[PDB]
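Structure, as structure tokens:
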Amino acid sequence: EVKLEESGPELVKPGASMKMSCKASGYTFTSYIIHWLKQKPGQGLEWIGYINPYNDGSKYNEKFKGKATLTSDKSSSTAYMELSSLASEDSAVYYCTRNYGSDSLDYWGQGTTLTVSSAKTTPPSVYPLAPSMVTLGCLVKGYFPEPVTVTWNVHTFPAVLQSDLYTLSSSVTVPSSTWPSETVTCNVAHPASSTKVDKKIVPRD
Amino acid sequence: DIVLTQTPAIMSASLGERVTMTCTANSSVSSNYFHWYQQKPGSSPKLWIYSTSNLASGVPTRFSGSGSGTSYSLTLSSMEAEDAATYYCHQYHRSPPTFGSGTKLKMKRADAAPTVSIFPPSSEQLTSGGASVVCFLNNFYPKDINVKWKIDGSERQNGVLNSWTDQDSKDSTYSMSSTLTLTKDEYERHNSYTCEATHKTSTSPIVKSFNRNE
Ligand SMILES: *[C@@H]1O[C@H](CO)[C@@H](O)[C@H](O)[C@H]1NC(C)=O
């Protein structure tokens with residue numbers, strides 16, 4: 001089955017460049033154009049350009065023909081997008097997607113989230129939220145960039161940015177007989193700092 | 001860059017309701033090169049309808065698409081919860097291909113009151129000089145809700161971060177988290193912390209408190 005696998009989220013400083021990748025599988029790489037699009041949160045899609053891996057020709061939106069460079073490597077069936085001279089406004093989700101019948105876009109990569117900021121990469125501080133069904137939670141504070149994953153042993157809220165640090169929380173609802181007799185632990189991963197936290201939900205006093 | 005204007009920008013529908021949404025172009029576009037996508041939060045768009053009226057693989061037959069020239073529409077014969085998403089139109093009559101700013105289709109459902117829980121600062125957090133009080137407001141509908149924080153009965157507006165989930169896939173409710181952050185010094189100078197939710201489901205606020213005496 002067709003699949004486009006994009007590279008992970010990256011944080012980059014303003015002024016620098018970055019290159020993201022889109023590894024294609026399950027079809028003849030050179031037989032189809034791949035397009036690249038930008039989507040800022042809450043907004044629709046903006047087209048950057050496309051790559052034709054058959055002849056290595058790429059075609060650009062006039063707006064991006066300076067900033068963006070699309071390439072591909074036939075041997076690894078990977079397409080690449082380089083964005084240069086990065087600024088805040090380049091922060092967005094970027095998608096690769098395959099060109100199909102009548103230039104419909106039939107298979108999409110999962111998206112690569114780019115964050116452009118001067119802010120320091122910072123691992124989270126994780127705090128237990130302790131008081132028939134009982135709600136527990138954990139507060140994941142003071143981290144940058146996104147994302148964090150939260151796993152228990154459920155409502156996990158989108159992060160909020162303030163003064164270049166994110167705050168996120170997650171709530172879990174178990175029965176009274178479970179906690180505190182059993183261990184309950186929220187497991188936080190922050191891949192950008194290569195950190196995790198195994199926080200035990202401890203009762204107070 | 002042909003402008004595509006989608007209407008309505010936002011709309012709600014109950015299970016079973018017929019839904020139609022429109023995409024208007026500033027220039028004529030061939031129907032063969034007009035397509036629709038569905039996108040859910042945190043995930044990639046999927047092709048939904050291609051060449052005006054052909055359903056993409058796996059798209060249920062309650063969807064249909066129509067149009068020509070400058071006026072296109074997507075129709076949902078009977079709304080189901082899995083259909084809540086943003087739908088985007090796409091023209092590739094000219095380069096650069098362009099897309100609409102989307103119709104966000106939400107699920108309407110019966111009102112539901114929030115379940116409210118309040119949590120004091122952990123001693124771990126206090127050890128480092130910070131103090132965050134957290135309030136969860138879980139599984140309520142409609143989205144409109146006013147959380148107020150009170151310290152010894154007096155309203156606090158500064159230092160509050162609020163975050164809403166997207167509609168839940170199963171029950172179509174919203175949840176919300178509210179985090180009041182103070183200094184340890186400020187926190188330790190008051191006794192009671194109160195989270196108050198006003199929501200159309202109760203004439204009274206749903207209130208939770210704790211005091212630094214328990
Ligand atoms: C597109 O059409 C709308 C509505 O008639 C109009 O107000 C808008 O300015 C047009 N945009 C362009 C770029 O011509």
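Both backbone and side-chain heavy atoms feed into the values below; hydrogens, waters and symmetry mates do not. Here is the naming used below: chain letters follow the sequence lines, and residue numbers restart at 1 for every chain.
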Output a table of donor-acceptor pairs, distance under 3.5 Å, between side-chain atoms of residues 18-34 of chain B and any protein atom two or more places apart or on a different chain; print 'none' if there are none.
residue: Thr20(B); atom: OG1; partner: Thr75(B); partner atom: OG1; Å: 3.1
residue: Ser30(B); atom: OG; partner: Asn32(B); partner atom: N; Å: 3.3

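Remark: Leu11(A) CG to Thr113(A) OG1 distance equals 12.0 Å, nearest 0.5 Å. Rounding to the nearest 0.5 Å places OG of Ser44(B) at 9.0 Å from CD of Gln39(A). Note that OG1 of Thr167(A) is 9.0 Å distant from CG of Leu161(A), once rounded to the nearest 0.5 Å.
Side chain of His35(B) to backbone of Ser102(A): a donor-acceptor contact under 3.5 angstrom is found. A distance-only check finds no donor-acceptor pair linking the side chain of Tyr100(A) to the backbone of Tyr50(B) [under 3.5 Å]. Not one N or O on the side chain of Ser72(A) forms a donor-acceptor pair closer than 3.5 Å with the backbone of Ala79(A). The main-chain N or O of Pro191(A) is never found under 3.5 Å from a side-chain atom of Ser194(A) such that the two would form a donor-acceptor pair. Judged by distance alone, the side chain of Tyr193(B) and the main-chain N or O of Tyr187(B) form a donor-acceptor pair under 3.5 Å. With hydrogens and angles disregarded, a donor-acceptor distance shorter than 3.5 Å links the side chain of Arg156(B) to the backbone of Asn158(B). Distance alone, capped at 3.5 Å, is enough to place a donor-acceptor pair between the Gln167(B) side chain and the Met107(B) backbone. Between the side chain of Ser163(B) and the main chain of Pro158(A), a donor-acceptor pair closer than 3.5 Å is present. Between the side chain of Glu6(A) and the main chain of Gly111(A), a donor-acceptor pair closer than 3.5 Å is present. Checked by atom type and distance alone, the side chain of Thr52(B) never pairs as donor or acceptor with a backbone atom of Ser66(B) at under 3.5 Å.
Taking every heavy atom of both residues into account, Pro53(A) and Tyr32(A) meet most closely at CD-O, 3.4 Å. Taking each heavy atom of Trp152(A) and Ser171(A) in turn, the nearest pair found is NE1-O, 4.2 Å. Nearest heavy atoms, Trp149(B) versus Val134(B): CH2-C, 3.9 Å. The nearest pair of heavy atoms linking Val2(A) to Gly26(A) is CG2-O, 4.0 Å. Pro60(B) and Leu55(B) get closest at one heavy-atom pair: O-CD1, 3.7 Å. Between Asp90(A) and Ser85(A), the closest heavy-atom pair is OD2-O, 4.1 Å.
Aromatic pair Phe64(A)/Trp36(A): ring centres not closer than 6.0 Å. Under the 6.0 Å cut-off for aromatic ring centres, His35(A) and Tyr92(B) qualify, their centroids lying closer than that.
In this structure, the side chains of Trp179(A) and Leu136(A) come closer than 4.5 Å at one or more pairs of heavy atoms. Residues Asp111(B) and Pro142(B) are in side-chain contact: their nearest non-hydrogen atoms beyond the backbone lie under 4.5 Å apart. Residues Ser132(B) and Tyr127(A) form no side-chain contact, since every pair of their non-hydrogen atoms from C-beta on lies 4.5 Å or further apart. Within the 4.5 Å cutoff, the side chain of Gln6(B) has heavy atoms near those of the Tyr88(B) side chain. Here the side chains of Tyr94(A) and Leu83(A) are in contact, with some heavy-atom distance below 4.5 Å.
By the 30° and 60° cut-offs, the orientation of the rings of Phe136(B) relative to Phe157(A) is parallel. Using bins of under 30°, 30° to 60° and over 60° for the plane-to-plane angle, the ring pair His90(B)/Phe99(B) lands in the parallel bin. Ring geometry for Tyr50(A) versus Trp47(A): interplanar angle of 30 to 60°, hence tilted. Ring geometry, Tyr141(B) versus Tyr174(B): the interplanar angle falls under 30°, so the pair is classed parallel (tilted spans 30 to 60°).
Within a 6.0 Å radius of NZ in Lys196(A), no more than 12 heavy atoms belonging to other residues, nucleotides or ligands are found. The 12-atom threshold is exceeded at OH of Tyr27(A), counting heavy atoms of other residues, nucleotides or ligands nearer than 6.0 Å. Sparse packing is recorded around NZ of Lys104(B), with 12 or fewer heavy atoms of other residues, nucleotides or ligands lying under 6.0 Å away. Heavy-atom contacts from other residues, nucleotides or ligands closer than 6.0 Å to NZ of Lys13(A) number more than 12. Atom CD of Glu82(B) sits in a crowded spot, with more than 12 heavy atoms from other residues, nucleotides or ligands closer than 6.0 Å. Within 6.0 Å of the CG atom in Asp198(A), the count of heavy atoms belonging to other residues, nucleotides or ligands does not exceed 12. Around atom CG of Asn153(A), more than 12 heavy atoms belonging to other residues, nucleotides or ligands sit under 6.0 Å away. Atom CZ of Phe210(B) sits in a crowded spot, with more than 12 heavy atoms from other residues, nucleotides or ligands closer than 6.0 Å.
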Between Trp108(A) and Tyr37(B), does the ring-ring contact (aromatic ring centres under 6.0 Å, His included) criterion hold? Intermediate values first, please.
CA-CA 11 Å; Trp108(A) 290 67; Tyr37(B) 304 85; 5.7 Å; yes
For side-chain hydrogen bond (donor to acceptor under 3.5 Å, both in side chains), just list the numbers for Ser132(A) and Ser176(A), CA-CA rounded to whole Å, side-chain angles, deciding distance to a tenth of an Å, and then say yes or no.
-> CA-CA 5 Å; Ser132(A) 52; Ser176(A) 303; 5.7 Å; no
key: Stepwise side-chain hydrogen bond (donor to acceptor under 3.5 Å, both in side chains) test for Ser58(A) and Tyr60(A)   = CA-CA 7 Å; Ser58(A) 55; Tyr60(A) 297 81; 2.9 Å; yes
* Run the side-chain hydrogen bond (donor to acceptor under 3.5 Å, both in side chains) check on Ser17(A) and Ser84(A) step by step: do they pass? -> CA-CA 4 Å; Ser17(A) 304; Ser84(A) 54; 4.6 Å; no
(Q) The test is salt bridge (charged side-chain N to carboxylate O under 4.0 Å, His left out); show your working for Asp83(B) and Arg62(B) and say whether it passes. (A) CA-CA 10 Å; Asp83(B) 306 324; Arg62(B) 62 176 177 285; 2.9 Å; yes
request  = Could you walk me through whether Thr115(A) and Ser91(A) pass the side-chain hydrogen bond (donor to acceptor under 3.5 Å, both in side chains) test, one step at a time?
outcome  = CA-CA 5 Å; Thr115(A) 299; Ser91(A) 298; 5.5 Å; no
For the pair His190(A) and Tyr166(A), evaluate ring-ring contact (aromatic ring centres under 6.0 Å, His included) and give the outcome as yes or no after the intermediate values. CA-CA 12 Å; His190(A) 183 229; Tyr166(A) 281 105; 9.1 Å; no
message: Could you walk me through whether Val207(B) and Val116(B) satisfy the side chain to side chain contact (heavy atoms under 4.5 Å, CB included) test, starting with their C-alpha distance in whole Å, then the side-chain angles of each, then the deciding distance to 0.1 Å, before giving a yes or no?
response: CA-CA 7 Å; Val207(B) 167; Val116(B) 182; over 6 Å; no
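Test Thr173(B), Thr115(B), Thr165(B) against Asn139(B) for side chain to side chain donor-acceptor pair (under 3.5 Å) and you get one pass: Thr173(B).
Under 3.5 Å, the side chains of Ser122(B) and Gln125(B) contain no donor-acceptor pair of N or O atoms. For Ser177(B) and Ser169(A), the side-chain atoms include at least one donor-acceptor pair closer than 3.5 Å. For the residue pair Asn54(B) and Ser51(B), no side-chain donor N or O sits within less than 3.5 Å of a side-chain acceptor on the partner. Between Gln91(B) and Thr98(B), the side chains place a donor N or O and an acceptor N or O closer than 3.5 Å (distance only, hydrogens not considered).
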